[PDB]
Amino acid sequence: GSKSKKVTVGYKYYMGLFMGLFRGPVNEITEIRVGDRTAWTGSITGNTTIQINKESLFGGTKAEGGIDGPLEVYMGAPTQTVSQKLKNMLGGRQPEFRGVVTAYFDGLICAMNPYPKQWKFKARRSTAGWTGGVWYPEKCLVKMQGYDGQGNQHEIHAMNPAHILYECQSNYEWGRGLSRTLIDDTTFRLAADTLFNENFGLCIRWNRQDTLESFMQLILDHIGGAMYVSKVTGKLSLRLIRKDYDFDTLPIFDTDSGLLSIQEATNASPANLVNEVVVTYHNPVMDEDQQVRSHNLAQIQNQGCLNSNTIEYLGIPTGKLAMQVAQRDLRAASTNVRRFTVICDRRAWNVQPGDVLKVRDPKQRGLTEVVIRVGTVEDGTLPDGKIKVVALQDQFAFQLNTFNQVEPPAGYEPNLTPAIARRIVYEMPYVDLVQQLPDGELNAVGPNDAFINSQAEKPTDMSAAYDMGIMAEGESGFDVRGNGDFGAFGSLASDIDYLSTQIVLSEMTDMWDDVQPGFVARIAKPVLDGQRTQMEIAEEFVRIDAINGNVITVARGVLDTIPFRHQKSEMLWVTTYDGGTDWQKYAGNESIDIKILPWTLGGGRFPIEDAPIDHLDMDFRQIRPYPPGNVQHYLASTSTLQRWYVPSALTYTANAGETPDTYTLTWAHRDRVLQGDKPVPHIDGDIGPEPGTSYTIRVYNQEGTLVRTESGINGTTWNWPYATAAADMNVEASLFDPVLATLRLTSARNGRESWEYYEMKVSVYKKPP
């Protein structure tokens, strides 16, 4: 076996592909998606080249998929040419694909062996790809706010339907392609006049192409207009059904002014007409269907049960315009619909379908001078004189009644990108090697070996794990090797003391309850220059006994650190069976700089190298012996109990009739190998000293001078008689009455000493003659 630098891997794919998107150069291509995920964004305005490089969207050496590589996009220009590489890939005789938008992804990662994902693209056009040139280009760009996702809002560039219909009749590239001269230009200017002012655009699609008249039917229904031929020229023309009448200049028709007969004189009880409309449109941003309700409260409040209608308005890109069309239809079809069939003499020979006129039959039918819209007209022959005019009650334009902007919740928290988080690092102890290192190779781990380990909190739920970047001595850049799982974290908030056992803390992480009774946790404090050293910094391993909700019961100084004190707002990390390291036997003194990078599924790893760092020194290793346990001391009189944190005085006499006081200290023997995975609490007794281990004693005077050092102490306790201590801690030397000496203790075996040491305090007092 070997590490991932040479092992079987999830397999890349190496070959690209070529996609034919659609006809006609477009103004710009904006965004490219893979598997319903926003992969790459960018405005391509012509034959150009780019590269998609965020493979992190799906995975890599730790997850599946992830697109990557250059992308050639050819816009099908009239004189377009493509790179020879595309033709070699496709091979043999090949064309230049002029006129069609063709994308060539030369990137070797089309997908991982898991079968390739599906793609999507986004584009728009206003002036590009016009056979014979563009027409009236300065009103084709119907921009309007069509956002999907309230905080994700952005306007979209809908096209003018007038230009849509002009293309439908002014290009040979599909359909009929009527010549420009035979199309009534001024009528399409008329259409644009109102289509642009009210901002009625469209984003229709014409896939799986059908009969042209049907598509024009769809567009006309969207705009609510009439395609027709001018009576005089014969050119094809467009009309819109709007409120373009002043109800004053209209000609008045009665029997004395041209009306011959009302062929439709009955009333069909038209009181129960449609009263509700369900409009369905398509938002390009969501790129899926949307719906709008519109209730005519007047009809619902009187007629009873509904008379509803679901109508299709796909291609309308926003809710405002969807509402406009819904209101238009509801007010047109619901408000007093009456059909007039009118027999007319040569009084309306100019009247053309869509015109407006006012009819009056007050003395026979008793209808009060109504305005009517002209529909079908049957022009007469040289005999028979009259013209039949089919006429319909007044229509309406767009206007504002409802406020139906659903304003979805921006995808309901879809963000899963990585971010920085709290982290902590330290040298791997012997317990870590015992727990994580198989016994087959645990032996032969010499004394010059060291292991790196650390823990960090998960910043986001979508985060999976964290990769470890290490830049050791001589290394160039933080190499990515080894990864770890986010262990449970706890924020100390009770300023616990040395002997504290009931740990009152907060910040109960999600995994903070996964530790079984007796687990082992490591405490720490803020680390920085000077605070990086672990000899003085409070780094204590505590064995958790039983959880009590927020508070947890654990032991102090279990495996490789004497118990210490802490302050509120600190950090507590459980490390039983958790951590992260590269499993590299880094030698002592080989200090390295590391940076832990979290990773997510769709967001990949955190910033490539922008994460913070922490300088870890290899001054210590796991080969050192364990320190003593149950460090206690007493004097000649008070010779019962005195902790290292509890100083004991050394007066000129222990008691009246007694010799000078002697400060006696005791300790318990512990065997690191014998202890193994068992984290015997510092309050626990002795477990047998390691073979050849000896205790170490160091004395620091009140002035900080290391007066003397002692070693080879195979015993469990030492004694400091007043006379003995007065030798180096000279009572006569120091000017102060009492001499507060600082006593430090530790253990050593095979030269090197323990990773930390205890600190006792003793006061030596002078005496008068």
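Structure shown above.
A brief report on the enclosed structure follows. (Residues numbered from 1 in each chain as written, not as in the entry; some residues may be left out. Part of a larger assembly, values for the part shown. Heavy atoms only, no water. Residues with missing side-chain atoms left out of burial classes, pairs and counts.)

Across its full length, the protein holds ten helices and 44 strands. Against the globule reference of 27 Å for 769 residues, the protein gives a C-alpha radius of gyration of 44 Å, more extended than a compact globule. Overall, the C-alpha framework of the protein stretches about 155 × 70 × 45 Å when taken along its three principal axes. Pairs at least 24 residues apart make up 64% of the contacts formed inside the protein by residues separated by at least 6 positions. (Helix = DSSP H or I, 4+ residues; strand = E, 2+ residues; numbered from the N terminus. Rg over C-alpha atoms; globule rule 2.2 N^0.38 Å. Contact = heavy atoms within 4.5 Å.)

This brings us to the packing of aromatic side chains. With a centroid separation of 6.0 Å and an interplanar angle of 80°, the aromatic rings of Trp 135 and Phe 188 are classed as edge-to-face. Note that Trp 135 is positioned in the loop between β7 (119–124) and β8 (141–145) and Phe 188 in helix α3 (residues 185–197), a separation of 53 residues in sequence. An aromatic cluster is built from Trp 135, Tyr 136, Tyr 166 and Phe 188, whose rings are joined through pairwise contacts. Directly above the aromatic system of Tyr 228 lies the positively charged group of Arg 239, at a separation of 4.0 Å from the ring centroid. (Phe/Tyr/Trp six-rings, centres within 6.5 Å; stacked < 30°, edge-to-face > 60°. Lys NZ or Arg CZ within 6 Å of the ring centre and 35° of its normal.)

Take the environment of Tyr 104 next. Here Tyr 104 is to be found in strand β6 (residues 100–105). Through-space distance from the C-alpha of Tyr 104 to that of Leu 71 is 5.8 Å; in sequence the pair is 33 residues apart. Excluding anything up to four places from it in sequence, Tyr 104 contacts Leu 17, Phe 18, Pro 70, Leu 71, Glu 72, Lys 85, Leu 86 and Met 89. A distance of 2.5 Å separates the side chain of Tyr 104 from the side chain of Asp 106, its partner in a polar contact. (Polar contact = N/O pair within 3.5 Å; in protein donor to acceptor, adjacent residues only side chain to side chain.)

Okay, the environment of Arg 328 next. Its location among the elements puts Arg 328 in helix α6 (residues 319–334). For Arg 328 and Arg 242, which are 86 residues apart along the polypeptide, the C-alpha to C-alpha distance reads 9.7 Å. Apart from the residues lying within four places of it in its own chain, the contact partners of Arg 328 are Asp 221, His 222, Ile 223, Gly 224, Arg 242, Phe 396, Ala 397 and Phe 398.

Before going further, it helps to spend a moment on the sheet that holds strand β43 (residues 738–748). Two pairing modes exist for strands in a sheet, parallel and antiparallel, and in both the strands are linked by backbone hydrogen bonds. Spatial ordering of the open sheet is given by β38-β44-β43-β40-β41, a layout of five strands whose pairing is mixed. Lying at the two open borders of the sheet, with one neighbouring strand each, are β38 (648–650) and β41 (706–713). Taking the axes of each pair of neighbouring strands and ignoring which way they run, one obtains an average angle of 25° across the sheet. In this sheet, strand β44 (residues 758–765) lies alongside β43 in antiparallel orientation, the contact comprising eight bridges. (Pairing = 2+ DSSP bridges. Axes fitted to C-alpha atoms, helices over the stretch in contact; angles between N-to-C directions.)

Turning to the pairing of β44, a few remarks are in order. In terms of strand pairing, β38 meets β44 through three bridges, oriented parallel. Residue pairing in the sheet places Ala 649 in a bridge with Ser 763 of β44.

Another aspect to go through is the sheet that holds strand β29 (residues 520–524). Strand order in the open sheet formed by seven strands is β27-β31-β30-β29-β32-β26-β28, with antiparallel pairing between adjacent strands. Bordering the open sheet on either side are β27 (502–503) and β28 (505–506), each of which pairs with just one other strand. Two elements, β29 and strand β30 (residues 540–548), share four bridges in a ladder whose sense is antiparallel. Counterpart to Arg 522 in the pairing with β30 is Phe 541.

For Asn 336, which is not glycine, the phi torsion reads 50° and is therefore positive. Phi is positive for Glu 507, which is not a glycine, with a value near 60°. Relative to the helices and strands, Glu 507 resides in the loop between β28 and β29.

This part is about the pattern of salt bridges. Put simply, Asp 379 and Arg 346 hold a salt bridge, and the shortest N to O gap is 3.8 Å. Within this pair, whereas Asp 379 is found in the loop between β19 (367–378) and β20 (387–393), its partner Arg 346 is found in the loop between β17 (339–344) and β18 (356–361), the two being separated by 33 residues in sequence. Here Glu 369 makes a salt bridge to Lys 358, at a shortest N to O gap of 2.7 Å. Pair noted here: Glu 369 is in strand β19 and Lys 358 is in strand β18, with a separation of eleven residues, a long-range link. Put simply, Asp 254, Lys 358, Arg 360 and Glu 369 are held in one network by salt bridges that share partners. (Salt bridge = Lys/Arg side-chain N within 4 Å of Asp/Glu carboxyl O.)

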